[PDB]
Amino acid sequence: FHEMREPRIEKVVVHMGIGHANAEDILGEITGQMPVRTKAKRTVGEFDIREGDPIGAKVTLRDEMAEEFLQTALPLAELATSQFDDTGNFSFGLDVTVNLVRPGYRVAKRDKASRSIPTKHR
Amino acid sequence: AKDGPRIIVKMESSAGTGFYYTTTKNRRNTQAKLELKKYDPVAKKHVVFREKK
Amino acid sequence: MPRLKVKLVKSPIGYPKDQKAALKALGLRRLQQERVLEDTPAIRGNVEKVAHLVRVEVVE
Amino acid sequence: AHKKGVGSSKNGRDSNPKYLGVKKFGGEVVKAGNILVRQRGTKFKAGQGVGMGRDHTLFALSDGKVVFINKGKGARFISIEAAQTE
Amino acid sequence: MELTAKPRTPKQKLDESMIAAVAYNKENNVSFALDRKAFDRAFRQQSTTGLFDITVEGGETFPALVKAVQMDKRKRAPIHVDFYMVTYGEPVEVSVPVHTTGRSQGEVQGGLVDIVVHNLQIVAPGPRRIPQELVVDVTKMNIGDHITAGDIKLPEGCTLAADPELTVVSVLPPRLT
Amino acid sequence: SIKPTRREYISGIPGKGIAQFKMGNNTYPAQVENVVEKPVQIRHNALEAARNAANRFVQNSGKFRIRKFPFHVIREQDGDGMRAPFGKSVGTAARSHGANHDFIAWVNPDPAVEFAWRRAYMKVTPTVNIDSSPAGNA
Amino acid sequence: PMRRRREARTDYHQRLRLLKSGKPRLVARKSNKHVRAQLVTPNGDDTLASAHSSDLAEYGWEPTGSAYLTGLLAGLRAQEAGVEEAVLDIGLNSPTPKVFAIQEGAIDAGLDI
RNA sequence: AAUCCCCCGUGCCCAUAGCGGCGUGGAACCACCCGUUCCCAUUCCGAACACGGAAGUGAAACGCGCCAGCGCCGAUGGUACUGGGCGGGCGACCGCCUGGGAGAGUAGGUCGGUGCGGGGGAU
RNA sequence: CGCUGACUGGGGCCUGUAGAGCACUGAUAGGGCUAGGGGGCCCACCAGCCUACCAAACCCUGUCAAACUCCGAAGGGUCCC
RNA sequence: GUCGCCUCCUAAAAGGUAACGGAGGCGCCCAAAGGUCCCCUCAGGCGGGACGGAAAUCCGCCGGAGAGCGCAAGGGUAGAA
C-alpha cells in the first residue's frame with residue numbers, strides 16, 4: 001500500500017506573543033489568519049503578573065496558506081538539524097512549529113474511539 | 001424597603017403615561033441615569049418605560 | 001383447608017404494640033384460651049409473628 | 001456590642017424534601033416528586049436517575065413535577081391503563 | 001484424602017468435627033463435604049502449595065484442592081472452605097512458593113537483613129507440571145540494594161502470570177547500614 | 001462508640017505521632033506473630049511505646065512488623081467546669097476490633113525473637129494473644 | 001461522561017427539544033450523497049418513508065430542487081396517511097440551504113411547519 | 001411489493017457494546033474527494049459549518065469478524081450485619097434459637113443484544 | 001357515616017447507617033520506581049559524576065472515616081389487592 | 001457565652017428530635033449570571049517551540065467532566081446550569 005504512510009501535509013503554525021497592540025498587524029500582512037489569544041500568569045519575571053491579558057499571538061496556518069509561507073519563508077532560516085523533535089514535528093526560530101502527518105495522525109481527533117495515536121504510525 | 005444608600009436603591013418607571021408604574025430594585029453600581037424598558041400601563045398595552053425616579 | 005387451633009400463653013403484658021393487635025385481631029380475648037382458623041397465610045402470618053405468643057395446632 | 005469566636009457552636013435549621021405520592025398510586029395533578037422545588041414538572045412518571053433504570057407511577061393526569069436533577073424529570077409518559085375509554 | 005459430605009447441612013456440620021468445603025470445579029459444584037480433622041493434617045502440609053485429593057466414592061480422584069478459604073473466625077480456626085480440581089491441561093492459576101537458603105552477604109557479616117514481600121509466585125507453567133518446591137536465590141544482600149520481578153530468573157515453564165520490578169525481596173538495616 | 005468532630009473541623013488530618021511500623025527481618029515460611037481479642041481505642045502512646053520497647057530488647061531479625069495505628073481521639077476538661085463542655089483534644093489511637101492481626105514475629109528459626117515479642121506482649125495492655133501463623137512458628 | 005457527553009458534534013437533545021410535542025419528528029437525516037428523513041412521532045412511534053433521494057432514484061438536479069421535491073412529495077405521501085401538522089427535524093447541521101430545501105418540501109408539502 | 005445476506009438513516013437496553021491489537025469493504029453504499037462566482041459561512045482561513053460536481057481512493061471516520069491485556073459483568077458452597085425470640089457474664093460484651101443474607105474473594109462470562117424505516121443483495 | 005382501623009399475607013415503588021470497600025476524598029504504614037533538597041567527589045556555572053540521609057507524585061505489599069463511599073442488606077415507609 | 005436564617009454530620013436508613021454536640025456560610029447581590037435563537041466540548045498529564053527554564057502562548061496526542069457554575073456548604077449536573 002506504500003500509498004499510505006507516505007505523507008500529505010497537515011497543519012503548521014508560526015506565531016509569537018509578548019506581555020503587550022498591532023505587532024500582530026505585521027502578522028496579518030505576512031499571511032491571513034489572525035491569531036487572537038490571551039496569555040497570562042501572575043509574577044514579575046518580566047512584569048507579566050497580569051493574569052488575564054491579551055498578549056498571546058498565534059497565526060494558525062495549515063495546508064494551502066502555510067504553503068505560500070513554507071515557501072516565501074523557508075529560505076531565510078538556516079539550520080536543518082536537531083531541532084527535530086519526536087512526535088514527528090519540530091519548532092525553530094522568532095516562534096514557529098510544524099507537525100508531521102503520517103497516515104495514523106487524524107484519528108487522534110475523534111471524540112469517539114479516540115485511538116491514543118499508536119507510536120508505530122506516527 | 002431597607003433604605004440603604006448602598007448601591008442598593010429602589011426605583012420604578014412610568015409608561016409614557018400609560019399612567020402609573022411597576023416594581024423594581026436597582027444599583028447605581030453601573031449606568032447611573034440609565035434606565036429604560038417597555039411594559040403596558042392601565043394605558044392600553046406596552047409603552048416605552050423610563051425608570052428614573 | 002388446614003384449620004389452625006392456637007392457645008394463650010405468656011401474657012402480652014407490656015409487650016410490643018402491634019403484636020397485641022395481632023392479638024385482638026386473630027381474635028384473642030381472655031387468657032389461656034383456644035381458637036381455630038384456616039391456614040390462610042394471612043391469619044397465619046399474624047399468629048406466627050405472635051409466635052412465642054402461645055401454641056398453634058393443625059386441626060379443623 | 002458584638003459577637004464572639006472560638007465557640008463554633010452553630011446549630012442548623014430545618015428542611016422538608018420527600019417523594020410525595022411515591023410510585024404507583026392514585027395520580028392527581030399535584031406536586032409529583034420532590035427534592036428540588038422551583039422544580040419543573042414533567043409528563044407522567046420518571047425513570048431517569050443517577051441509578052440506571054426508571055420508575056412508573058401507575059397514575060395519570062395533567063402532569064407532575066421534578067426536583068432539578070435528582071429523581072429524574074418526567075417525559076416517558078405512562079397515563080396508565082386507567083386512562084382508556086371510561 | 002477422603003473427606004465426605006455434600007447434602008445440605010452447614011450449621012451442625014460447620015460444627016463438631018466436619019468443616020464445610022465446597023466441591024468446586026470448572027462447570028459444576030456439589031454440596032460441601034470434607035471434615036474438620038482432615039483439613040488439619042493435609043492442610044497442615046501446605047494447602048495451595050503442593051496438591052493432592054481425596055477418594056469420595058472413588059468418584060473422581062483429581063487434584064487442584066483449594067483456591068480459597070479461611071481460618072477466618074477470630075479464634076483462628078477455619079470454617080467454610082473452597083475446593084476446585086483440574087483434570088485439564090490448562091493449569092494456570094499456579095501459585096507455588098520459592099525459597100532461598102541464607103547465602104551470607106548482609107547477614108552473617110553485616111547483620112543486615114531483607115524483606116520478602118514475595119515468597120510465593122502465582123504463575124502458570126506447564127499445567128499439571130510444577131516442582132512442588134522450586135528454589136532460586138542468586139544471593140546478594142546489604143546496603144541499599146533490592147531485587148524484584150524483572151531480574152528474577154524463571155526455569156522451564158515460561159509463564160510469569162506476574163509482572164516485572166515488584167516485591168521480590170531486598171536487604172534492609174535490621175539496625176543500620 | 002463516641003468518636004470525633006470530623007476529619008478536618010475538630011481534629012482530623014494528623015500523623016498521630018508515633019514510631020512507624022516495620023522491624024526485625026524477613027523469612028518465607030516461619031510464621032511468628034501476635035494478635036489480640038480485646039476491644040479498646042488502643043492507647044496510642046502506651047501503644048507507640050510498647051511495640052518499641054519491643055525492639056529495645058531484641059534488635060534485628062524477627063518481622064517486627066506491626067499492623068496497628070490510632071487515628072481518632074477523646075477530649076475533656078477545658079473552660080468553665082462540667083456543664084456545656086466544648087472540647088480539648090488529646091490521645092488518639094485505633095479500635096482493636098475484638099481481636100485481629102496484630103504485629104508479626106516472622107522469620108525462619110529465630111525464636112530469640114519470639115521470646116522478644118513475648119516481652120512485647122507482657123507489655124501492651126489489653127491482655128494479648130500469643131500465637132503462630134500459617135504453619136506455626138517452625 | 002454519559003455516551004452523549006464525551007463524543008461530540010451531535011445535539012440529539014436539540015431534537016428532544018421538539019420531542020416534548022408539536023407533532024412528528026419530521027426528522028431529516030442528511031449525508032450529502034443525499035438526504036433521508038422519517039417521522040418519529042412520541043409514543044414508540046415509527047415512520048412512513050415519506051421522502052428519500054433513492055425511493056424515487058436520486059435524480060440529477062442536485063441539492064436545490066432535490067429537496068424542493070423529496071420534501072413536497074414526502075409531505076404528499078404523509079398527508080395521505082392522516083397526519084396534518086408535523087414538527088420539523090433539523091436532524092443535524094444548521095438549517096443549511098439543503099435543509100432549508102427539504103424544509104420547503106414540507107411547507108410547500110402542505111404539511112404545516 | 002407481506003423470507004434470509006448486506007449497507008444506510010436510526011431507535012431501546014444507561015460498558016456481558018469501552019480500550020486497544022490485527023484485519024476486511026467500496027460494482028452497490030458511504031465518506032473522504034474535485035473546485036469555490038452567487039445562498040449561507042468562520043472573532044483566522046469555506047479545516048468545521050458550505051453551495052456546486054466527473055475522474056481518484058478506501059488510507060482515514062466508519063461497518064462486520066478475530067484477539068481477554070486493561071477494563072465491565074458475575075453465580076454456587078461461604079463469613080459479617082440483623083428483624084424476632086431467650087440465656088451467660090458487674091465488665092467493655094459474649095452466645096444461642098428462627099426467617100432475611102451483601103461487597104470483596106476463585107469459577108467464569110464479554111469482546112453488545114435487539115426495534116422500525118430507506119437503498120439494494122436472494123427468479 | 002359503617003368495615004374503611006392498629007396487625008398479618010401479596011404486590012409494586014422508595015431510604016440507603018450496620019457491614020464492607022478502596023478507582024471520589026482525607027488520612028496512614030512497609031516498601032519499589034523516580035525527581036525536588038541533600039550529601040560526599042572533578043573546585044564545583046560543574047551545572048559533570050557516584051551514592052549510604054529526607055521527600056512530592058506513579059507502581060506492589062498493607063490499613064483507619066460521622067460530616068468518605070464504585071458497593072450494599074437487616075428493616076421502616078406508602079398506594080393498591 | 002447565645003439567641004434569625006442557609007448546609008453537613010447527629011436522624012439509627014420515609015419523614016423528624018434535644019444537648020452551652022460537631023464544623024461552616026447570610027441580612028449580598030447580578031441591569032445583565034435576565035428571555036430565547038444560534039454555535040462551544042473542562043480541568044489535567046504527556047510531547048514540541050517565542051518573548052518563556054515553576055506557573056503561559058501554540059501545535060499534536062490521552063480523558064464515567066476529577067474542572068465548570070459571583071458568594072457556605074450540600075444536590076446537581078456538559079445533554080450542561
# chains A, B, ... in the order shown; residues from 1 in each chain; ligands from 1
>>> select_by_dssp(residues="range 2-121 of chain A", states="alpha helix (DSSP H)", output="PyMOL selection string")
chain A and resi 25-28+65-73
>>> write_last_selection(atoms="C-alpha atoms", output="PDB file, in the first residue's frame")
ATOM      1  CA  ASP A  25      -0.734  43.667  12.335  1.00  0.00           C
ATOM      2  CA  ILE A  26       2.728  42.962  10.965  1.00  0.00           C
ATOM      3  CA  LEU A  27       1.433  39.410  11.336  1.00  0.00           C
ATOM      4  CA  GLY A  28      -1.682  39.963   9.233  1.00  0.00           C
ATOM      5  CA  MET A  65      -1.910  29.111   3.276  1.00  0.00           C
ATOM      6  CA  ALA A  66       1.063  27.589   5.097  1.00  0.00           C
ATOM      7  CA  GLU A  67       2.227  26.583   1.599  1.00  0.00           C
ATOM      8  CA  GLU A  68       2.704  30.160   0.480  1.00  0.00           C
ATOM      9  CA  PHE A  69       4.596  30.617   3.766  1.00  0.00           C
ATOM     10  CA  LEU A  70       6.625  27.401   3.902  1.00  0.00           C
ATOM     11  CA  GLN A  71       7.591  28.820   0.529  1.00  0.00           C
ATOM     12  CA  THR A  72       8.405  32.526   0.769  1.00  0.00           C
ATOM     13  CA  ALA A  73       9.578  31.959   4.353  1.00  0.00           C
TER      14      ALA A  73
END
>>> residues_around(residues="residue 6 in chain I", least_positions_apart="3", cutoff="12 Å", atoms="only C-alpha atoms (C1' of nucleotides)", output="list in words")
residues 17, 18, 19, 20, 21, 22, 23, 24 and 25 of chain C
>>> write_last_selection(atoms="N, CA and C atoms", output="short mmCIF file (atom, residue, chain, number, x, y, z; two decimals), in the first residue's frame")
data_model
loop_
_atom_site.label_atom_id
_atom_site.label_comp_id
_atom_site.auth_asym_id
_atom_site.auth_seq_id
_atom_site.Cartn_x
_atom_site.Cartn_y
_atom_site.Cartn_z
N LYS C 17 -46.37 -3.11 70.75
CA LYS C 17 -47.62 -2.56 70.27
C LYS C 17 -48.29 -3.59 69.38
N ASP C 18 -48.30 -3.32 68.08
CA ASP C 18 -48.82 -4.26 67.11
C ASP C 18 -49.04 -5.63 67.74
N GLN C 19 -47.96 -6.38 67.93
CA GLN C 19 -48.05 -7.73 68.49
C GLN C 19 -49.40 -7.93 69.16
N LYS C 20 -49.78 -7.00 70.02
CA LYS C 20 -51.08 -7.03 70.68
C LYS C 20 -52.21 -7.13 69.65
N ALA C 21 -52.32 -6.13 68.78
CA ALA C 21 -53.33 -6.14 67.72
C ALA C 21 -53.45 -7.53 67.11
N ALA C 22 -52.34 -8.06 66.62
CA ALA C 22 -52.30 -9.44 66.14
C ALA C 22 -53.03 -10.30 67.15
N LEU C 23 -53.09 -9.79 68.37
CA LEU C 23 -53.81 -10.45 69.44
C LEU C 23 -55.31 -10.27 69.21
N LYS C 24 -55.81 -9.06 69.46
CA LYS C 24 -57.22 -8.75 69.26
C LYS C 24 -57.67 -9.09 67.85
N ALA C 25 -56.72 -9.17 66.93
CA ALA C 25 -57.02 -9.49 65.54
C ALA C 25 -57.44 -10.95 65.36
#
>>> atom_distance(atom1="CA of residue 120 in chain A", atom2="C1' of residue 67 in chain H")
19.4 Å
>>> closest_residue(among="D:80, D:3, D:8, D:14", to="chain F", atoms="only C-alpha atoms")
D:8
>>> residues_around(residues="range 60-70 of chain I", least_positions_apart="2", cutoff="8 Å", atoms="only C-alpha atoms (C1' of nucleotides)", output="PyMOL selection string")
(chain E and resi 117+166-167) or (chain F and resi 3-7+67-71+94) or (chain I and resi 21+23-32) or (chain J and resi 8-10+23)
>>> residues_around(residues="residue 35 in chain E", least_positions_apart="3", cutoff="9 Å", atoms="only C-alpha atoms (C1' of nucleotides)", output="ChimeraX atom specification")
/E:3-5,13-14,17-21,38-40
>>> write_last_selection(atoms="C-alpha atoms", output="mmCIF file, in the first residue's frame")
data_model
loop_
_atom_site.group_PDB
_atom_site.id
_atom_site.type_symbol
_atom_site.label_atom_id
_atom_site.label_comp_id
_atom_site.auth_asym_id
_atom_site.auth_seq_id
_atom_site.Cartn_x
_atom_site.Cartn_y
_atom_site.Cartn_z
ATOM 1 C CA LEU E 3 -13.426 -36.119 53.290
ATOM 2 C CA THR E 4 -17.142 -36.625 52.624
ATOM 3 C CA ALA E 5 -20.497 -34.857 52.832
ATOM 4 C CA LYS E 13 -21.666 -29.735 60.130
ATOM 5 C CA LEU E 14 -19.964 -26.360 60.395
ATOM 6 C CA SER E 17 -15.582 -32.456 63.556
ATOM 7 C CA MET E 18 -16.707 -31.661 59.999
ATOM 8 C CA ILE E 19 -15.995 -28.286 58.429
ATOM 9 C CA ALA E 20 -17.724 -27.131 55.261
ATOM 10 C CA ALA E 21 -15.813 -27.145 51.978
ATOM 11 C CA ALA E 38 -8.677 -33.797 57.583
ATOM 12 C CA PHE E 39 -8.281 -30.139 56.670
ATOM 13 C CA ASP E 40 -5.851 -30.444 59.557
#
>>> interface_residues(of="chain J", to="chain F", cutoff="10 Å", atoms="only C-alpha atoms (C1' of nucleotides)", output="PDB file with N, CA, C and O atoms (P, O5', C5', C4', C3', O3' and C1' of nucleotides), in the first residue's frame")
ATOM      1  P     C J   9     -26.089  15.262  55.895  1.00  0.00           P
ATOM      2  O5'   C J   9     -25.073  14.283  56.631  1.00  0.00           O
ATOM      3  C5'   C J   9     -23.747  14.741  56.801  1.00  0.00           C
ATOM      4  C4'   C J   9     -23.236  14.338  58.163  1.00  0.00           C
ATOM      5  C3'   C J   9     -24.282  13.887  59.160  1.00  0.00           C
ATOM      6  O3'   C J   9     -24.808  12.616  58.857  1.00  0.00           O
ATOM      7  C1'   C J   9     -22.690  15.173  60.242  1.00  0.00           C
ATOM      8  P     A J  19     -31.003  22.061  71.354  1.00  0.00           P
ATOM      9  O5'   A J  19     -29.703  21.900  72.274  1.00  0.00           O
ATOM     10  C5'   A J  19     -29.881  21.840  73.683  1.00  0.00           C
ATOM     11  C4'   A J  19     -28.903  20.901  74.369  1.00  0.00           C
ATOM     12  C3'   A J  19     -27.449  21.023  73.957  1.00  0.00           C
ATOM     13  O3'   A J  19     -26.934  22.215  74.483  1.00  0.00           O
ATOM     14  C1'   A J  19     -27.978  18.782  74.212  1.00  0.00           C
ATOM     15  P     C J  20     -27.950  23.436  74.561  1.00  0.00           P
ATOM     16  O5'   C J  20     -27.092  24.651  73.979  1.00  0.00           O
ATOM     17  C5'   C J  20     -25.905  24.380  73.249  1.00  0.00           C
ATOM     18  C4'   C J  20     -24.694  24.495  74.156  1.00  0.00           C
ATOM     19  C3'   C J  20     -24.602  23.441  75.257  1.00  0.00           C
ATOM     20  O3'   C J  20     -23.653  22.442  74.877  1.00  0.00           O
ATOM     21  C1'   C J  20     -23.965  25.648  76.023  1.00  0.00           C
ATOM     22  P     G J  21     -23.387  21.151  75.788  1.00  0.00           P
ATOM     23  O5'   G J  21     -22.852  20.076  74.723  1.00  0.00           O
ATOM     24  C5'   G J  21     -23.491  19.908  73.451  1.00  0.00           C
ATOM     25  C4'   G J  21     -22.595  19.187  72.454  1.00  0.00           C
ATOM     26  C3'   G J  21     -21.797  20.101  71.541  1.00  0.00           C
ATOM     27  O3'   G J  21     -20.566  20.384  72.161  1.00  0.00           O
ATOM     28  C1'   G J  21     -22.815  18.360  70.257  1.00  0.00           C
ATOM     29  P     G J  22     -19.367  20.951  71.280  1.00  0.00           P
ATOM     30  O5'   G J  22     -19.415  20.090  69.925  1.00  0.00           O
ATOM     31  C5'   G J  22     -18.392  20.312  68.941  1.00  0.00           C
ATOM     32  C4'   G J  22     -18.498  19.445  67.693  1.00  0.00           C
ATOM     33  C3'   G J  22     -17.895  20.070  66.436  1.00  0.00           C
ATOM     34  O3'   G J  22     -16.488  19.821  66.360  1.00  0.00           O
ATOM     35  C1'   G J  22     -19.860  18.748  65.987  1.00  0.00           C
ATOM     36  P     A J  23     -15.427  20.938  66.813  1.00  0.00           P
ATOM     37  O5'   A J  23     -15.106  21.713  65.453  1.00  0.00           O
ATOM     38  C5'   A J  23     -16.124  22.524  64.906  1.00  0.00           C
ATOM     39  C4'   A J  23     -16.187  22.407  63.399  1.00  0.00           C
ATOM     40  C3'   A J  23     -16.263  23.753  62.713  1.00  0.00           C
ATOM     41  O3'   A J  23     -14.971  24.248  62.509  1.00  0.00           O
ATOM     42  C1'   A J  23     -17.824  22.248  61.744  1.00  0.00           C
ATOM     43  P     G J  24     -14.851  25.617  61.704  1.00  0.00           P
ATOM     44  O5'   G J  24     -16.022  25.542  60.613  1.00  0.00           O
ATOM     45  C5'   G J  24     -15.745  26.020  59.297  1.00  0.00           C
ATOM     46  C4'   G J  24     -16.975  26.323  58.456  1.00  0.00           C
ATOM     47  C3'   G J  24     -17.340  27.789  58.296  1.00  0.00           C
ATOM     48  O3'   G J  24     -16.424  28.467  57.445  1.00  0.00           O
ATOM     49  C1'   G J  24     -19.264  26.385  58.294  1.00  0.00           C
TER      50        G J  24
END
>>> select_by_dssp(residues="chain D", states="strand (DSSP E or B)", output="list in words")
residues 18, 34, 46 and 55 of chain D
>>> residues_around(residues="range 40-48 of chain J", least_positions_apart="6", cutoff="7 Å", atoms="only C-alpha atoms (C1' of nucleotides)", output="list in words")
residues 85, 87, 89, 90 and 91 of chain A; 8 of chain G; 65, 67 and 68 of chain J
>>> write_last_selection(atoms="N, CA and C atoms (P, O5', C5', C4', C3', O3' and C1' of nucleotides)", output="PDB file, in the first residue's frame")
ATOM      1  N   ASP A  85      12.116  17.128  16.619  1.00  0.00           N
ATOM      2  CA  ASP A  85      11.539  16.538  17.824  1.00  0.00           C
ATOM      3  C   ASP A  85      10.777  15.240  17.549  1.00  0.00           C
ATOM      4  N   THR A  87       7.575  13.306  18.392  1.00  0.00           N
ATOM      5  CA  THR A  87       6.254  13.394  17.778  1.00  0.00           C
ATOM      6  C   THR A  87       6.286  13.986  16.370  1.00  0.00           C
ATOM      7  N   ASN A  89       7.541  16.175  14.322  1.00  0.00           N
ATOM      8  CA  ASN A  89       7.219  17.595  14.361  1.00  0.00           C
ATOM      9  C   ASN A  89       8.384  18.370  14.971  1.00  0.00           C
ATOM     10  N   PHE A  90       8.374  19.695  14.843  1.00  0.00           N
ATOM     11  CA  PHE A  90       9.552  20.474  15.221  1.00  0.00           C
ATOM     12  C   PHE A  90       9.314  21.985  15.244  1.00  0.00           C
ATOM     13  N   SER A  91      10.131  22.696  16.017  1.00  0.00           N
ATOM     14  CA  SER A  91       9.954  24.132  16.199  1.00  0.00           C
ATOM     15  C   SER A  91      11.283  24.875  16.247  1.00  0.00           C
TER      16      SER A  91
ATOM     17  N   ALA G   8     -19.053  14.069  20.627  1.00  0.00           N
ATOM     18  CA  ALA G   8     -19.121  15.452  20.164  1.00  0.00           C
ATOM     19  C   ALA G   8     -19.819  15.625  18.816  1.00  0.00           C
TER      20      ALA G   8
ATOM     21  P     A J  65     -14.573  11.582  34.072  1.00  0.00           P
ATOM     22  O5'   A J  65     -14.965  13.119  34.260  1.00  0.00           O
ATOM     23  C5'   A J  65     -15.303  13.615  35.547  1.00  0.00           C
ATOM     24  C4'   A J  65     -15.630  15.093  35.455  1.00  0.00           C
ATOM     25  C3'   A J  65     -17.114  15.420  35.578  1.00  0.00           C
ATOM     26  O3'   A J  65     -17.308  16.316  36.669  1.00  0.00           O
ATOM     27  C1'   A J  65     -16.254  16.025  33.374  1.00  0.00           C
ATOM     28  P     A J  67     -12.504  19.146  39.642  1.00  0.00           P
ATOM     29  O5'   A J  67     -13.584  20.323  39.708  1.00  0.00           O
ATOM     30  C5'   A J  67     -13.162  21.669  39.505  1.00  0.00           C
ATOM     31  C4'   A J  67     -12.303  21.784  38.260  1.00  0.00           C
ATOM     32  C3'   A J  67     -12.596  22.990  37.383  1.00  0.00           C
ATOM     33  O3'   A J  67     -11.920  24.152  37.855  1.00  0.00           O
ATOM     34  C1'   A J  67     -12.555  21.066  36.038  1.00  0.00           C
ATOM     35  P     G J  68     -12.791  25.579  38.158  1.00  0.00           P
ATOM     36  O5'   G J  68     -14.103  25.367  37.254  1.00  0.00           O
ATOM     37  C5'   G J  68     -14.193  25.931  35.939  1.00  0.00           C
ATOM     38  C4'   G J  68     -15.609  25.906  35.370  1.00  0.00           C
ATOM     39  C3'   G J  68     -16.690  26.445  36.289  1.00  0.00           C
ATOM     40  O3'   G J  68     -16.796  27.825  36.061  1.00  0.00           O
ATOM     41  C1'   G J  68     -17.433  24.444  35.202  1.00  0.00           C
TER      42        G J  68
END
